[PDB]
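Undergrad: The listed protein sequences derive, respectively, from chains A and B.
Per the authors' numbering, the first sequence runs over residues 1 to 131, 135 to 216.
Per the authors' numbering, the second sequence runs over residues 1 to 17, 20 to 57, 64 to 151, 155 to 156, 159 to 215.
From the three backbone atoms N, C-alpha and C, an ideal C-beta is built for every residue, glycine too.
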Amino acid sequence: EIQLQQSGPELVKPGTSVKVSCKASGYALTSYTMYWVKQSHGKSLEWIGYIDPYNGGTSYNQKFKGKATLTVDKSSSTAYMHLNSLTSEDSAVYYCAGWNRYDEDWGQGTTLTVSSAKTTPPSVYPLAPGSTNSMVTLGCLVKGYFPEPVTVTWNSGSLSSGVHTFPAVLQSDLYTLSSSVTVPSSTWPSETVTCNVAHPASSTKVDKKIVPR
Amino acid sequence: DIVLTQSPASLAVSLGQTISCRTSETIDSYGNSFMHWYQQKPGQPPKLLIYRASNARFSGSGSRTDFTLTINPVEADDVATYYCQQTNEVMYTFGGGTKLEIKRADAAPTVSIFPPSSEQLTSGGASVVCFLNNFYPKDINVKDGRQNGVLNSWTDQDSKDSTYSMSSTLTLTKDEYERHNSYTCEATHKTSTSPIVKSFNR
Ligand SMILES: [Cl-]
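1) Determine, using beta carbons only, whether A/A92 and A/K19 come nearer to each other than 7 angstroms.
2) Got a sec: does ligand 1 put a non-hydrogen atom nearer than 6 angstroms to the Cβ of A/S175?
3) Residue range of the alpha helix (DSSP H) that B/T130 falls in?
4) Opposite A/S21 in the DSSP bridges: which residues?
5) Would you decide whether B/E83 is buried or exposed? Buried here means 16 or more other CB atoms lie within 10 Å of its CB.
6) Across which residues does DSSP place A/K146 in a beta bridge pair?
7) Hey, out of A/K67, A/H41, A/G147, A/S44, whose CA is closest to A/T16's CA?
8) Let's see if you can read the secondary structure: which residues bound the beta strand (DSSP E) around A/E104?
9) Check distances from the C-beta atoms of the region 122-138 of chain B to those of chain A and list, in chain order, the residues that come in under 9 angstroms.
10) Assuming the contact rule is C-beta atoms closer than 8 angstroms, B/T101 and B/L11 should be a hit. Round their C-beta distance to whole Å, please.
11) Excluding sequence positions up to five away, which residues of its chain have a Cβ less than 8 angstroms from the Cβ of A/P14?
12) Could you name the residues that DSSP lists as bridge partners for A/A68?
13) A/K38 versus chain B: which residues are under 7 angstroms apart at the beta carbon?
14) Would a C-beta distance cut-off of 7 angstroms place B/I2 and B/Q93 closer than the cut-off?
15) Relative to the C-alpha of B/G162, which residue among B/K173, B/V137, B/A115 is closest?
16) Below 7 angstroms between beta carbons: does that hold for A/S25 and A/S7?
17) Indicate whether the contact test is met: 3 or more Cβ pairs, each with one atom in the region 136-151 of chain B and one in the region 195-203 of chain B, closer than 8 angstroms.
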């Protein structure tokens, strides 16, 4: 009965304030209570606070009293979470959820990065193997981008389940990740295999055909 | 306050083959108090499973102070971290979460080595990549005959075949890369008594 769409990822400087949005759609939307969760990279979920869109009731985690301000905009069916006095400890994934007795939906998460570093596009480098078997594993390397998230598809998503995208790793203040696609060697290099890299932070989308040599 | 505590932090069962959550404040003391159990698959939002109120594949058990999620049977899709949560007008709170692992027969890693792109070489750098893919268990070690500038990255247990895959990278300057010739990536896994190795000349 309800579906939720959070705003895009974000890079902001310490000591400013963001507002992230959650656009609801569905039936009987004031019947759902909106709330917000923080998930730090590889950490557990912590509740931020709630807002009852029908009556305006709100209740916050003590730790975010003062920090976070939840509002809803019944007109545009949008919940907001405003965050002040931002620091590096705040950067994490922020979910928005809605629920009642009958069902419950979460949003897709919003990656927020607090840093005074500037955005850095990825370096997308193809990985072709050397010189035997029906399967051939290709790859693609995205080198030194900031911040994270980054979206990596193969052939615009036409290749899946043959994929292994590896969690980016922080080395020298930057992220780098690799992803392996495996296909029949019947198919490659006859059929053109392409790496797709979206870095929404640096508003970047690059395709790199893998080529045989 | 309200403290949610769940045992165990880490779990590991095989296909075909319970998690407890204990509140410090009972659900029954508030008029509209709720307990939830969530499944979080990796790189996904958490999804609601079961709920309990005050006054099929998965089931909730226990007393009004212990909401017990019980998965039976375990599919390979059930690989995730599981969270319990308590609801009332004063606060929401979540448990620590419990990581679920699938038990599978040990598997040979499929190793493939890769040389620097010409695009990275014209940039002035050179990176050597080794995918070890689809190997059980997670335990694995990797290494002209350096250990500096290496970067590794594991994957979570696969949801289809209950497997792990690892990526490693050895990185040099343009000029330092040609100072050597044979580059061999050595894969020390448990099951293969021989250390699976692959190399390239140029
Ligand atoms: Cl560092």
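TA: Put simply:
1) no
2) Yes, ligand 1 has a heavy atom inside 6 angstroms of this Cβ.
3) Per DSSP, the continuous alpha helix (DSSP H) segment holding B/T130 begins and ends at 126-131.
4) A/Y80
5) exposed
6) A/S123
7) A/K67
8) 104-106
9) Listed by position along the chain: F122, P123, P124, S125, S126, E127, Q128, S131, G133, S135, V137.
10) About 22 angstroms; that fails the 8 angstroms criterion.
11) Within the same chain, A/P14 has close Cβ partners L86, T87, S88, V114, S115, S116.
12) A/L83
13) Here the premise fails: no neighbours, minimum Cβ distance about 10 angstroms.
14) no
15) The shortest Cα separation from B/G162 among B/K173, B/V137, B/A115 belongs to B/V137.
16) no
17) yes
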